[PDB]
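Next up: the same protein chain in two forms, each one alone, written as structure tokens (structure 1, then structure 2).
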Structure 1
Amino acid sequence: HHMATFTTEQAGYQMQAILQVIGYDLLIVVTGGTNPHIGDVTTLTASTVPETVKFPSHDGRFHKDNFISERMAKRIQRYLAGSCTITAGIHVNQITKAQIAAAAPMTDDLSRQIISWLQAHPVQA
């Protein structure tokens, strides 16, 4: 009804998106790899430019999981009934080159599943 879970696995590691509908608004939690976390949080509505918070990681640098959160936002923006919040934290120990390139097709694959679920479950009752 108001909660769904989507997974995908390419190049030997998994990514998961957990979606929650609250009122007309959406919360999506994206994780994967060996160490799930919350690295970045992207915020948007259907007719608003997305904003992203990047949390600090180590050595003065910031988490780069916003590649995932910002791409999923662009893919699903047109379908938003209200606000949308996307958290992302994907990390694979000793990640490989083929694994890095698979991050974008995996985000698209989850985005497509989310979009299908939204069309089958109109947030308007």
Structure 2
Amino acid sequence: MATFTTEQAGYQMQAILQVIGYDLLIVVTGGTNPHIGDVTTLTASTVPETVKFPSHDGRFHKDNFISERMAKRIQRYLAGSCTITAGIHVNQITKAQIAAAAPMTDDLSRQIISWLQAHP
């Protein structure tokens, strides 16, 4: 249904939003290698819950800070269920990139909130 991008100092993240009835599905990725490392689910009135996927070396992917952050930002605007995937390869990128991805996620979230307000 809709694609958004955000950029901070050369690093780019993207969010693809799909409206499935009253329910939402959002894929958040970054850099040049799309991936799903974590999934966070929520409704307007329940606390978001995360499932982590295993990485190749056995560690769980820690990209859930992205999906949980977006979940917290958009929660009050949800008409139904919401499923958010995240994957920016936090196990491979620099600490500065990981830190920058938090305000970048806030920017994608506001872009999404605006789009939802314009397409209720």
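What we label the rigid core is the largest C-alpha set whose atoms superpose within 1.5 Å from one form to the other. Only residues modelled in both forms are compared. Structure 1's sequence is the ruler for residue numbers, which start at 1.
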ask   = Where among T52, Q77, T85, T96 does the Cα move by 2 Å or more between the two structures after the core is superposed?
value = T96
query = Taking the rigid core as the frame, how far in Å does the Cα of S111 move between the two structures?
reply = 0.2
message = Once the core is aligned, what is the C-alpha displacement of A11 between the two structures? Give it in Å to one decimal.
response = 2.2
message = Residue runs between the two structures with every C-alpha shifted 2 Å or more, at least 3 long, rigid core fitted, in sequence order please.
response = 58 to 60, 91 to 101
